[PDB]
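In: any chance you could fold what I've pasted below:
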Amino acid sequence: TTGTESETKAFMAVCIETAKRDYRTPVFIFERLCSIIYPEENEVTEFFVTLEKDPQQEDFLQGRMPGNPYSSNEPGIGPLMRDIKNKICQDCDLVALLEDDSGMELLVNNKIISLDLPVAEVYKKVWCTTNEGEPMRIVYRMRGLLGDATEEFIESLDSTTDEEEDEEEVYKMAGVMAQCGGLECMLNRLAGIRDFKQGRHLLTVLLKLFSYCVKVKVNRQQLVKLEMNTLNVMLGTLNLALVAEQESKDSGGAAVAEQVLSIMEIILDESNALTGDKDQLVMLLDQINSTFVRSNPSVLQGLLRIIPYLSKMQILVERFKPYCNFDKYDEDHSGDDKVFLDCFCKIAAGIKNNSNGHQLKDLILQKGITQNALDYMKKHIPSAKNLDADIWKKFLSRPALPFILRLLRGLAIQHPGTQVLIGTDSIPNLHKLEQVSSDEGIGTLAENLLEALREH
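Out: Residues are numbered from 1 along each chain as shown. Coordinates below:
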């Protein structure tokens, strides 16, 4: 296996053909593929540490650590330097320092190490730079006992420079991998997997490999090709994961679904810089409202990010229309009433500008959702010249007001119909609101709606 990335990719092509000739046989192949594209730093499997007193504090610190050298696998030797501090305080009966993280300092190579740092990283990045293969000597002392610390403090093992690594170059192999055409058979395997339980392991490795492939522009541009049919395969995988997590909680379905959402969103953003049938959007809608997706915010948030790109329409309308009762929303509304209204505003804002998107906006307008919003606004907006009057402040504090403004702005953008409907008798009201700075930001929201209208 050890060889050039080109030889590796040729070996991967061999693996693909062997897989084509079963959700466990090809797993090692994609594992090695990820290893080549992004070699995970070898976790230091086992190392030893010595826990020693500061020789200058020998008479002040009670007890001694008797177990030197300690294995990194020993209880209390990590994962953080704090766990070592706590082990020292416990084994030496230093109970007063156990609750005080500022009372004890740990030194490695005459540097004070932050208690928040991982012991394995301190070993690798601080100790192994000078003492590779020796037990890491950790000196412990009480802070301030001998005066102010003069040693260098290591707060972060990672470089202080905030320089961002070039994902394109970091995963460059994946981009050059496109030449072998793995992306195609990667999608084929994502599809081939019909049993989530048995395919879970293959599915996780394929999605890990996809997360690396989408870092590189050449792979994103290849996956955007309708020939790959990436969208359909990804949607199917997501639905499989959702059903698995619904049938069996903690089956890995949720995590796989979130990964699928992220990859799909990345590919769609690359395409804008994959359009499918609207049935996928209706499936996504049913899912968000499934108890599992509602309970999982990550999955819900990922789903709500891809929904705009996929933009059946009547189904979406009947799903959100009920939550457009702004008058009742002010009277009383549930958390879902709020969540649904926010999601509908987001969908309106993200509606893609095209024939289909225009038709969706026109249908929302015909449903009177915009007309209902305008009527609510006219029924409650005050006419007082002072915009800071108690009446005006009360009208601003209305819970539905912000949601209404957001939805109107989203629908008005790139949609003449909504613009004219609101542009009639409502511009003055919106102008007044924009002049009223409020905690809900009604002024800002109204001004943004007016700017979206300026499109007409």
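
In: what about residue 456, how many residues nearby?
Out: Using other CB atoms under 10 Å, residue 456 is surrounded by 13 other residues. For every residue, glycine as well, the C-beta is placed using N, CA and C.

In: what sits against the closest residue to it other than its chain neighbours?
Out: Nearest-residue entry for residue 456: residue 419, 4.1 Å, with adjacent residues in sequence omitted and distances by CB to CB, 6 or more residues apart in numbering. The neighbours of residue 419, taking CB atoms under 8 Å, 6 or more residues apart in numbering as the test, are 412, 452, 453, 455, 456.

In: let's see 6 Å
Out: Contacts of residue 419 were listed using CB atoms under 6 Å, 6 or more residues apart in numbering, and they are 412, 453, 456.

In: how far does the helix or strand that contains it sit from its chain's centre?
Out: Following DSSP states H and E, the helix or strand that holds residue 419 is helix 416-423. Taking CA atoms, centre = their mean, to the nearest Å, one finds the center of helix 416-423 at 36 Å from the center of the full chain.

In: list the helices and strands the helix or strand just after that helix packs on?
Out: Next in sequence after helix 416-423, counting helices and strands by DSSP H and E, comes helix 427-434. If you count contacts as 3 or more CB pairs under 6 Å, 6 or more residues apart in numbering; DSSP states H and E, helix 427-434 packs onto helix 442-453.

In: contacts for the helix it packs on next, please.
Out: Contacting residues not belonging to helix 442-453 are listed as 396, 401, 405, 408-409, 412-413, 419, 423, 430, 433-434, 436-437 [CB under 6 Å, 6+ apart].

In: that older thread, need the contacts of residue 419 in TSV (columns: distance to residue 179).
Out: Written out in TSV, the entries for the contacts of residue 419 read as follows (distance: CB to CB, whole Å):
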residue	distance to residue 179
412	46
453	50
456	49
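
In: okay, now the residue nearest to residue 403 when sequence neighbours are not counted: neighbour count?
Out: When the adjacent residues along the chain are set aside, residue 403 lies closest to residue 341, with 4.4 Å between them (CB to CB, 6+ apart). Taking other CB under 10 Å as the neighbour definition, residue 341 ends up with a count of 25.

In: before we move on, what about residue 391?
Out: Per other CB under 10 Å, the neighbour tally for residue 391 reads 12.

In: helices along the stretch 1-150 of the chain, start to end?
Out: Using DSSP state H, counting those that start in this stretch, the helices of the stretch 1-150 of the chain run over residues 5-20, 27-37, 81-91, 95-98, 119-122, 128-131.

In: would you tell me which of the ones you listed gets closest to residue 347?
Out: Of all the helices of the stretch 1-150 of the chain, helix 27-37 sits nearest to residue 347, with 35.2 Å by CB to CB.

In: the closest one to helix 5-20, inter-axis angle?
Out: Here helix 27-37 runs at 160 degrees with respect to helix 5-20, directions being taken by axes from the mean of the first three to the mean of the last three CA atoms, to 10 degrees.

In: which helices and strands does helix 27-37 pack with?
Out: In terms of contact count using 3+ CB pairs under 6 Å, 6+ apart, helix 27-37 is assigned the packing partners helix 5-20, helix 172-177, helix 196-213.

In: in JSON lines, list these along with distance to residue 101 and mean neighbour count.
Out: Written out in JSON lines, the entries for these read as follows (distance: least, CB to CB, whole Å; neighbours: other CB atoms under 10 Å):
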{"stretch": "helix 5-20", "distance to residue 101": "46", "mean neighbour count": "15"}
{"stretch": "helix 172-177", "distance to residue 101": "42", "mean neighbour count": "21"}
{"stretch": "helix 196-213", "distance to residue 101": "36", "mean neighbour count": "21"}
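
In: what's the closest of those helices to residue 390?
Out: Ranking the helices and strands packed on helix 27-37 by proximity to residue 390 (CB to CB) places helix 196-213 first, at 54.3 Å.

In: which residue ranges of the stretch 251-400 of the chain form helices?
Out: Counting by DSSP H, counting those that start in this stretch, the helices of the stretch 251-400 of the chain are 253-272, 279-289, 291-295, 297-310, 313-320, 326-331, 335-350, 355-366, 369-380, 390-396, 400-412.

In: can you redo those helices as JSON lines with distance to residue 178?
Out: Rendered in JSON lines, the data for the helices of the stretch 251-400 of the chain read as follows (distance: least, CB to CB, whole Å):
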{"stretch": "helix 253-272", "distance to residue 178": "13"}
{"stretch": "helix 279-289", "distance to residue 178": "25"}
{"stretch": "helix 291-295", "distance to residue 178": "33"}
{"stretch": "helix 297-310", "distance to residue 178": "22"}
{"stretch": "helix 313-320", "distance to residue 178": "36"}
{"stretch": "helix 326-331", "distance to residue 178": "50"}
{"stretch": "helix 335-350", "distance to residue 178": "29"}
{"stretch": "helix 355-366", "distance to residue 178": "30"}
{"stretch": "helix 369-380", "distance to residue 178": "44"}
{"stretch": "helix 390-396", "distance to residue 178": "54"}
{"stretch": "helix 400-412", "distance to residue 178": "37"}
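
In: just name the most buried of these.
Out: Per residue and on average, the most neighbours among the helices of the stretch 251-400 of the chain fall to helix 400-412, with a mean of 25 (mean count of other CB atoms under 10 Å).

In: what's the closest residue to residue 407 other than its chain neighbours in contact with, if anything?
Out: Leaving aside its chain neighbours, residue 407 sits nearest to residue 345 (4.6 Å; criterion: CB to CB, 6+ apart). Applying CB under 6 Å, 6+ apart, we find residue 345 in contact with 403, 406, 407, 410.
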